[PDB]
């Protein structure tokens, strides 16, 4: 059988979202590219470089027109006519809008593409914005996180492939299976919260008893995600709060990279 085509474009990315694929187990990255999809364009992995790699994109854009899913990784810098991210001599926005026109679906992977992320934080030096702002006439599937659990992305494209449509989305176009609930509304330390059992400093008695981390600045109460349940890396018991550190709100616009680590959830 012919495998569904995927075109991946990195803008202002740290490559964390690609790297997440390397931790995946269902599918593993090798099974992904050899069995479940055809990764037609991805600069981190591609044998071809320079002129040959751009040949590959234009070839895939035409051959698989109307059929590929377009994945954008990273924020898009709008300041100074797009010059803060230039590949093959053109602004990344240009590459992205051209690809978007032939796309069967469009996924913004990571908080940066989803809503600007870290690169759009603070004074936002480059005028970085999220994918939806760049592609306003198109519906964009947002899969935020810095980076998300890779399966939030993989199961989303699997749904499209297996069932011929995107998974159910919330108001911010995030798949409900991964982002439908606040981390706090499904967190295993909530009883400690209820009881007022709080860690005050790392290494204190409470902390060493696995108590709630609200007062270390946990942002679980205002961050939508599946970090407490799906967690990370498929080994069991691995997410930031479980290893001893508060949620930073990396999934969530206005929270991650805006609020201080130790700033409380109820403090703006």
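Residue numbers count along the first chain shown, from 1.
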- prompt: Which of the two stretches, 10-18 or 244-252, shows the higher mean Cα temperature factor in the record?
  reply: 10-18
- line: Of 227-235 and 195-203, the stretch with the higher mean C-alpha B-factor in the deposited entry is 195-203
message: Take the CA temperature factors straight from the PDB entry and tell me which of 78, 109, 155, 183 peaks.
response: 78
message: Looking at 60, 212, 69, 32, which one carries the largest C-alpha B-factor according to the PDB entry?
response: 60
task: Tell me, lowest, middle or highest third: where does the Cα B factor of residue 167 rank within its chain?
output: middle
- prompt: Should residue 95 be placed in the lowest, middle or highest third of its chain by the C-alpha B factor in the entry?
  reply: highest
task: Consider only the C-alpha atoms of the modelled residues in this chain, order them by B-factor as the entry records it, and name the third containing residue 124: lowest, middle or highest.
output: highest
message: Based on the deposited C-alpha B factors for this chain, I'd like to know if residue 173 is in the lowest, middle or highest third.
response: middle
- request: Using the B-factor values recorded in the entry, state whether the Cα atom of residue 190 falls in the lowest, middle or highest third among the modelled residues of its chain.
  value: middle
